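Below, in structure tokens: the form deposited in one PDB entry, a single chain.
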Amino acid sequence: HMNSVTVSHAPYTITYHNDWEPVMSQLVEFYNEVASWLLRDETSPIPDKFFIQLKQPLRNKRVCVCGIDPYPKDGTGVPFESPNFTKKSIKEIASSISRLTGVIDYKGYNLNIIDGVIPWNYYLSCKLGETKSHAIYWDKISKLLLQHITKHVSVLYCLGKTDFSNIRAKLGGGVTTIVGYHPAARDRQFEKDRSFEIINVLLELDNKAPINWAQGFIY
């Protein structure tokens, strides 16, 4: 179910799943407006990995786990992913799921291999080593894409109370938005955060299947 459109600058070709179709024209238009600017910065991730998450189906997703932007370094295009399992954020998320599920022995963790879950970066790049530095470039695109995502998922789970302090939640909507502590914050706080369990309670209340968070583990 894959398609392809072209943008005037790198990565030139953008692959996407059918479910993203209603957005892709405005996306191409918007990205052509800012690409020349942001590409003059070296970025995390690299341009070829900006949009790889658009390959994912959305209709089978019921939970979005969203961070504000990619890792300052070594981003892969897949939000929170750390191939060698070294980034603090994914390690803490893993520790939380470890205590939750009883899985003690694991090599890594990836939110992208969990049924029903799509991990998301609100901004799709940052200047290398500088968090939120590409906000002005992704702004319009960021609203466009997230709004489309929340047309499919039942729960939007944002990580970072400061980062998402001004997010406007739509009540009725059929989408519940919760904002938790950033996993790489301070004074634990994220560790005692039970947002993953809360999500499943919300899902089951909405008569949806719950998330099997243990699926994220890599052995």
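In case it trips you up, residue 1 is the first one in the sequence shown, and so on.
Separately, the form solved in complex with a small molecule exists; it is not shown, and the next lines address it.
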Just one of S133, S96, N110, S89 has a heavy atom within 4.5 Å of the small molecule in the entry with it bound. Which one? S89
Looking in the entry with it bound, any heavy atom of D193 within 4.5 Å of the small molecule? no
Given that the small molecule is not shown alongside this chain, does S125 nevertheless sit within 4.5 Å of it in the entry with it bound, heavy atom to heavy atom? no
I'd like to know whether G67 contacts the small molecule in the entry with it bound, with contact meaning heavy atoms within 4.5 angstroms. yes
With the partner left out of view, is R62 within 4.5 angstroms of the small molecule in the entry with it bound by any non-hydrogen atom? no
